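Q: Take this structure, written in structure tokens, and hold onto it; I'll ask about it next.
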Amino acid sequence: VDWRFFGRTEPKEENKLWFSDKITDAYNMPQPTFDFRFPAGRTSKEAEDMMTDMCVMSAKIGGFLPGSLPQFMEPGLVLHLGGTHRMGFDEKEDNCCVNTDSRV
Amino acid sequence: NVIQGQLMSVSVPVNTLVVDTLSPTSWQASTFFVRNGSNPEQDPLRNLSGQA
Amino acid sequence: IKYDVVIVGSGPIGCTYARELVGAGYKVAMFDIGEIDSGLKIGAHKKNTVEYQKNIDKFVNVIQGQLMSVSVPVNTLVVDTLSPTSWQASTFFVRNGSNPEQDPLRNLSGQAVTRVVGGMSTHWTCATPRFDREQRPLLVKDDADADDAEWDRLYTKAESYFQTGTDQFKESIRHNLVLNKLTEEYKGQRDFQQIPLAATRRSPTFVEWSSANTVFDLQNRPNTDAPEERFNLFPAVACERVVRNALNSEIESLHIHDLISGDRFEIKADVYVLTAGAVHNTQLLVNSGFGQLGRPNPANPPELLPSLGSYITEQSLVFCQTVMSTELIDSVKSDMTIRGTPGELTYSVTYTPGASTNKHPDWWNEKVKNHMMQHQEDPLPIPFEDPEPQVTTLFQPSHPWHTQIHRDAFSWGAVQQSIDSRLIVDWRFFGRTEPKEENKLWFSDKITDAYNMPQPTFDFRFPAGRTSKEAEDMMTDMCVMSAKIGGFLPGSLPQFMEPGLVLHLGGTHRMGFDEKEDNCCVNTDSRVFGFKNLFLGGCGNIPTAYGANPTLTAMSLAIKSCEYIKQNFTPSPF
Amino acid sequence: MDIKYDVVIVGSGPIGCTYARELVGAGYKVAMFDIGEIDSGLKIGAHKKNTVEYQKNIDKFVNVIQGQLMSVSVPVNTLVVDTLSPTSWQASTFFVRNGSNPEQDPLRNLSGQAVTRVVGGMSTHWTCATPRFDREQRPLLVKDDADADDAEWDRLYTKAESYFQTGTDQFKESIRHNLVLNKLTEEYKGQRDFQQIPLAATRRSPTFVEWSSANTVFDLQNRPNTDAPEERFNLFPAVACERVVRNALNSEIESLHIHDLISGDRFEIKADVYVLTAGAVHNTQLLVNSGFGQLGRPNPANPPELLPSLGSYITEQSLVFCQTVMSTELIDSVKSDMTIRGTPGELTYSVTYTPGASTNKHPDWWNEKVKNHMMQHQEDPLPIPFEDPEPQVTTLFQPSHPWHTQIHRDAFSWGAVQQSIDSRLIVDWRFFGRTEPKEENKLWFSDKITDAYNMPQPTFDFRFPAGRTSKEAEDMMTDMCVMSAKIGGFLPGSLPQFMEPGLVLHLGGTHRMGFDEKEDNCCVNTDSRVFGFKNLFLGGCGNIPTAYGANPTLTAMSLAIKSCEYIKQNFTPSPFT
Ligand SMILES: *Cc1cc2c(cc1C)nc1c(=O)[nH]c(=O)nc-1n2C[C@H](O)[C@H](O)[C@H](O)COP(=O)(O)OP(=O)(O)OCC1O[C@@H](n2cnc3c(N)ncnc32)[C@H](O)[C@@H]1O
Ligand SMILES: *Cc1cc2c(cc1C)nc1c(=O)[nH]c(=O)nc-1n2C[C@H](O)[C@H](O)[C@H](O)COP(=O)(O)OP(=O)(O)OC[C@H]1O[C@@H](n2cnc3c(N)ncnc32)[C@H](O)[C@@H]1O
Ligand SMILES: OC[C@H]1O[C@@H](O)[C@H](F)[C@@H](O)[C@@H]1O
Ligand SMILES: OC[C@H]1O[C@@H](O)[C@H](F)[C@@H](O)[C@@H]1O
Ligand SMILES: OC[C@H]1O[C@@H](O)[C@H](F)[C@@H](O)[C@@H]1O
């Protein structure tokens, strides 16, 4: 049996997806660059509580499979990225790019 | 394998693994230069390396 | 030549009998199949070199290099990319020392033995906890306070022989950092303290770890320091059999094979003591007509010691490593005022001594201050020479496992070497296993080992029931507890270790009041039933399910055994 | 411990022991310091492999080796670990941690280079291979007189061989040894010679070999003692030697500065003669820590006053390695003289040969071992006895094959899937290339970073020089592929490869020998005396100035014997008082 627990990550100004002005990707477009850490505070603390939780819960069904021990996965493998062009009611106040009709 | 065959990594930093068992006749780097599509903009310690 | 007492094995339990019986005036001979290997102090801890304590991870290699596997099943790995010119067999034939008797699925594949003078005490981690009663064999029936009093008498003497203490890591920041966070997290539910360690600190960067040498220096006697004592140690001697009289009431000699000269002799003594390890005592005994040689066969019970080799117990072992939480690291420097920026002529880091707002004592803040000022290039507040954490919460009914929160010699994956070792903490939780008849160590009537003795074979599973539920519960508890200190280190994720890797095997020649009723081989004097003059010492004697490191308990039993010996055998005149 | 000795020797390896043997035996009052400790049994400095238990479990010995090889220079680690828990403390940079050396260019390193600190040095674990260098690998000891040079080296090697108990016959009756020897001999008949690797070892019984060591050379016992009542020698383990003090004139060493690691005290020690045998890396360190050469990143705009050649022109061998799995043809030939009737196990299996038959391919001693094995072990599919010793084969360095070779079995740690293969089938191949001495190839010491013993941190600036060295390295590899194919195919997981640079542990020329300091870009003369100094001598593979492929210690040893002969003629033992 597989076990995957997915956490929530606090939206933080400093967590960024930006694009190079000299380096280009395979399609000759600006190369995506990440500046990212899981925020300290709740996100971190819930992250580790989530791990403990998977350990406690999974033990109820069986012991871990050797080779597939409880672990954090590579940041981003989960492909659940959001907030890069995020929705909000007001541009400035809700620090956002599209309104609730997703219109820029 | 189907999955892995259409996940193209978004941002791979420059690679600093030491390969020091090349044959002495083989062309060898002097530096960790920008190779094989890597992103020199990218801090390997502040990435989403698995993003694809 | 005729001795008063011969002892087989020079590990810490044989050295117990030596120290007890040499000191009481007996003419003692001691035989080890291994050789003198630790410098001039015979049988001493190998890790007592300046070079190892400056390079402590290196020590793993010393351990690995004197751990010889007991029973390796025949190998069935498929290599099908040899060149077609290369010789290849058509079967997985018996090769490379492997045991064809061994069921690969009912083994203790991590079980191993050490053949050097001082035995495994030349490499052990020196952890010496007492068993609480739940774990402990009874030495007095129906009188618990008397039992307690006897066990404390014996444990206390054993601790003086090993130099156990709980004070050697008192001034470690990592140790106190980890010890106080766990003391707080479990306020009112569990107690934590230092792992009791057989060792004496000689300086802030050097611990003199104990060993068999600590118990007894193994020098020949008489000598200038002990001119009235008589002891000879003979290394490179395989002891092979004890010879029984026809009535099976007395041992008549010890058959040895001197590996240097190649000669074979029969040594005579009044008292024969076997302290060759929980595996090898059992082997010598079976090779001597005790228990049953060969694949066990119930419809043909043995004359003597029908319980030998049965009811063996090995601990479940879980392990991980953690990388210290940001919070705890910052807490190391909570009492610090931090001016300017590291590296510039301005940077100050200060504290005020004895301030009551201060979370940590002066001695700790001072060390932190100086490390922070002297290594402004270093992003961490723990000093580089800061000794390792050594923390435990001892076995209790509500948490029936022993625990070590600490640092052992470890061989780092080099991806793991990316992580600074001041942040890494080892977690080892040790389970107790129910003694069950079907769990067995037996010896082949056909296959033999590197010394030509009957080959050891395990038939072992962790019993169903409590043993298994606790082992799983134990792993969960390590995940829950460790989480409070930091998250797991990649490459050292929570796991069960290879059965027997823990090396805490017992009950191979188990003790009890009554042979039949308690399914056992020796009584509470470690005297083999029926026999006047044969004693077994070692973890093989322990008949219970136990989580804590067994050696000190073995040592306590050995001490009592010597009391019987002293009360029943006259030393020869010198 | 006295104020003052005739001779102090830093280092208790096989080279330091050569000076002790010579000088102690000549009546000098000698002190030997070693930073490491006695840990090899009651024979002080002996080979750790000489235990019954290691020669019954010989692959376990690889852990003893690994246990006492401490890496010389580890660059700063830049592996990315990004699966830490978010709560765990995580680096912002690749900071200097776990003793790594921020001076070190990871791409110009000898990352395999390692040092050993125990009494006896690396001679407590070495492989005991002791070949002579032929002229083309050998430093000149006599200029313009090739005959005299040859005779002086023969004299010297011969004496060393006897100090080491070198021989070429301790595996003469190994089936596997001869199997491989003969195959190769036939394969290269008229092109190359094969013989047993010369090995510093005495065979005591068919299952046990007494490997030589520093202890063979000199037993490291304190003297005076019953067996040597008129000699004077004292060994002081656990003593970090840190500096030799130069006089103001740079003509004489005035004391040796030590640090008792056990008490923690620093002391100065006096002697007439000072001998540094700390190994190729630590001889240089001590010298630099003493003001020879140039502490710090090298800086050509700043040449040093003393020994400008120290820690320059260093050499280290290319090492290529694989293992083979013996060919079916060869395995079969093992039993080619056997007559085989019946089927193994049944009551009528017969395996027989005819002693002395002319049509026999193998000698009697060989066939008799084969027959007994096959008859006593019918469940075994192989003809090689269980206790057959290991092969120990070489074709020595020649101009048309300018590498050393070892076709043998060395302690090895087996991966899972290689343990699947009967070890009787396995042969190691190691070919060793010679490296041209180049000024840019440096061992230097940092002026900021310090090692575990608070000495200046070694730092390599090394590349295998383009030209002959590289060509030969690659040629060597091919020659191993080609030669090895004749015995067997490659063992998966031990495929032909170059080994990590310096793992070979044959570093030379760090303090190299020559006739003239400036003209030969060297630090010591042919008496191994440091130029300018009356009383400072160096011994070790660091003295070797040439490009060599064979294992060096015999050669270092021969140089130290010559050195001792100069000391015997120019210094005088104190009266035995
Ligand atoms: C490790 C290894 C060595 C080998 C080899 C196999 C292995 C795995 N087998 C070899 C063989 O087959 N052929 C041979 O020629 N070489 C082999 N080697 C290398 C050989 O082992 C060395 O070449 C040889 O020891 C060199 O001898 P040495 O010049 O005596 O140097 P060694 O390092 O043995 O002893 C020096 C020592 O002095 C100490 N030390 C270091 N620094 C200090 C200071 N500062 N103060 C006091 N003592 C100091 C050491 O602790 C050491 O014993
Ligand atoms: C290896 C090890 C062990 C260990 C440990 C960690 C490591 C990796 N740390 C421990 C800890 O923290 N504390 C705890 O209590 N135990 C720990 N251990 C286990 C401990 O070392 C052993 O319990 C203890 O050493 C057992 O002592 P004992 O004296 O009974 O046995 P020994 O150490 O194995 O020595 C016995 C010897 O007898 C020899 N021998 C064997 N067969 C023969 C024959 N046939 N003839 C003559 N001699 C024989 C051995 O060579 C040996 O010396
Ligand atoms: O590998 C991560 C992925 O794994 C699956 O378990 C989930 F369905 C997804 O949400 C996710 O993209
Ligand atoms: O590797 C298992 C060993 O590890 C240690 O941490 C314990 F102290 C020992 O009791 C044990 O024998
Ligand atoms: O692994 C390198 C080593 O291997 C052996 O085969 C050698 F003989 C040595 O010259 C060398 O130290």
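Q: Report the one residue of C:154, C:447, C:301 whose Cα lies farthest in the direction of the positive end of the charge dipole of chain C (charges on C-beta: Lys and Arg +1, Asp and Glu -1; origin at the Cα centre).
A: Value: C:447.
Q: Between D:521, A:63, C:77, whose Cα lies farthest towards the positive end of the dipole of the protein assembly as shown when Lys and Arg beta carbons carry +1 and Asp and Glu beta carbons carry -1, centred on the Cα centre?
A: So the residue we want is C:77.
Q: Continuing with the same structure: May I ask which residue of D:489, D:510, D:312 lies farthest towards the positive end of the charge dipole of the protein assembly as shown, with charges of +1 (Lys, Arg) and -1 (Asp, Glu) on Cβ and the Cα centre as origin?
A: D:489
Q: I would also like to ask the following. Rounded to the nearest 10 degrees, what's the angle between the helix C:144-162 long axis and the longest principal axis of chain C, both from Cα atoms, 0 to 90?
A: Roughly 80 degrees between the two axes.
Q: Also: Where the only charges are on Cβ atoms (+1 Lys, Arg; -1 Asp, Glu), what is the dipole of the protein assembly as shown about its Cα centre, to the nearest 20 debye?
A: The dipole magnitude comes to about 580 debye.
Q: Next question. Kindly state, as a whole number, the per residue volume in cubic angstrom of the convex hull around the alpha carbon atoms of chain B.
A: 117
Q: Modelling each spin label as a point 7 Å along the Cα-to-Cβ direction, I'd like the residue A:53/residue C:91 distance in nm, to one decimal.
A: A separation of 5.6 nm, rounded to one decimal place.
Q: Now, a different point. Using θ = phi - 60° and the Karplus form 6.51 cos²θ - 1.76 cosθ + 1.60, what ³J(HN,Hα) does each residue of the range D:503-516 get, whole Hz, x for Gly and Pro?
A: With the stated coefficients, the range D:503-516 comes to 3, 3, 6, 10, 4, x, x, 5, 9, 6, 8, x, 5, 9 Hz.
Q: Using the number of other C-beta atoms within 10 angstrom as an exposure proxy, rank C:174, C:190, D:243 with the fewest first.
A: In increasing order of surrounding Cβ atoms, one gets C:190, D:243, C:174.
Q: Please compute the contact order of chain A in relative form: average sequence separation of alpha-carbon pairs under 8 Å and at least six residues apart, divided by the residue count, as a percent.
A: Answer for chain A is 19 percent.
Q: I've got another one for you. Tell me the net charge near residue C:57. Cut-off is 14 Å between Cβ atoms, residue C:57 excluded, with +1 for each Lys or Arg and -1 for each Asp or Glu.
A: Every neighbour counted, the sum reads +1.
Q: Can I ask one more? Output the pairs from C:141/C:516; A:16/C:181; C:187/C:484; D:4/D:448 with a Cα-Cα distance over 24 Å in this structure; if there are none, say none.
A: A:16/C:181; D:4/D:448
Q: Within 10 Å of each residue's Cβ, count the other Cβ atoms and sort D:435, A:100, D:553 from fewest upward.
A: The order, fewest Cβ neighbours first, is A:100, D:553, D:435.
Q: Give the shape of the range D:129-217 as rounded, prolate or oblate, defined through the alpha-carbon gyration tensor: a ≥ b ≥ c are the square roots of its eigenvalues, a/c under 1.5 means rounded, and otherwise the shape is prolate if a/b is larger than b/c and oblate if not.
A: Because a/c hits 1.5 or more and a/b fails to exceed b/c, the range D:129-217 counts as oblate.
Q: Only Cα pairs under 8 Å and at least 6 apart count here; give the relative contact order of the range D:327-388 as a rounded whole percent.
A: Relative CO of the range D:327-388 lands at 32 percent.
Q: Still on this model: Ignoring trypsin sites (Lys or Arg not before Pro) that are buried or in helix or strand per DSSP, and keeping those with at most 12 other beta carbon atoms within 10 Å, what is the longest stretch of chain A between them?
A: A:9-59
Q: How large is the Kirkwood hydrodynamic radius of chain C, in angstrom, based on all distinct alpha carbon pairs?
A: 25.5 Å is the Kirkwood radius here.
Q: Here's something else I'd like to know. Give me the distance between the Cα centres of the range C:249-313 and the range D:385-406, rounded to whole Å.
A: 45
Q: Set the Förster distance to 35 Å, then compute FRET efficiency between residue C:568 and residue C:160 from the Cβ-Cβ distance, nearest 0.05.
A: The value I calculate is 0.90.
Q: Here's a follow-up. To the nearest 20 Debye, how big is the dipole of the range D:327-388 about its Cα centre, given +1 on the beta carbon of each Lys and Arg and -1 on that of each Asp and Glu?
A: Value, rounded to 20: 220 debye.
Q: So how far, in whole Å, is the C-alpha centre of the range C:88-114 from the one of the range C:489-516?
A: Between the Cα centres of the range C:88-114 and the range C:489-516 lies a distance of 20 Å.
Q: Another question, if that's okay. Give me P(r) over the range C:325-386, computed from all C-alpha to C-alpha distances, binned every 10 Å, as integer percentages.
A: Binned Cα distances yield the sequence 23, 55, 21, 0.
Q: How far, in degrees from 0 to 90, does helix C:551-568 lean away from the longest principal axis of the Cα atoms of chain C, to the nearest 10?
A: Orientation of helix C:551-568: about 40 degrees from the principal axis.
Q: Working from Cα positions, state the angle (0 to 90°, nearest 10) between the long axis of helix C:466-482 and the longest principal axis of chain C.
A: 20
Q: From Cα pairs below 8 angstrom and at least 6 apart in sequence, can you work out the relative contact order of chain C, rounded to a whole percent?
A: It comes to 22 percent, rounded to a whole number.
Q: Might you report the magnitude of the Cβ-based charge dipole of the range C:208-354 about its Cα centre, with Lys and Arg at +1 and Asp and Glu at -1, to the nearest 20 debye?
A: Charge dipole, the range C:208-354, about its Cα centre: 360 debye, nearest 20.
Q: Excluding residue D:5 itself, calculate the net charge of residues whose Cβ lies under 11 Å from the Cβ of residue D:5, where each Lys or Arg counts +1 and each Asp or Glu counts -1.
A: +1
Throughout, read-outs are computed from the coordinates displayed, never taken from laboratory work. Backbone-built Cβ (ideal geometry, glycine too); neighbour counts: all protein chains shown.
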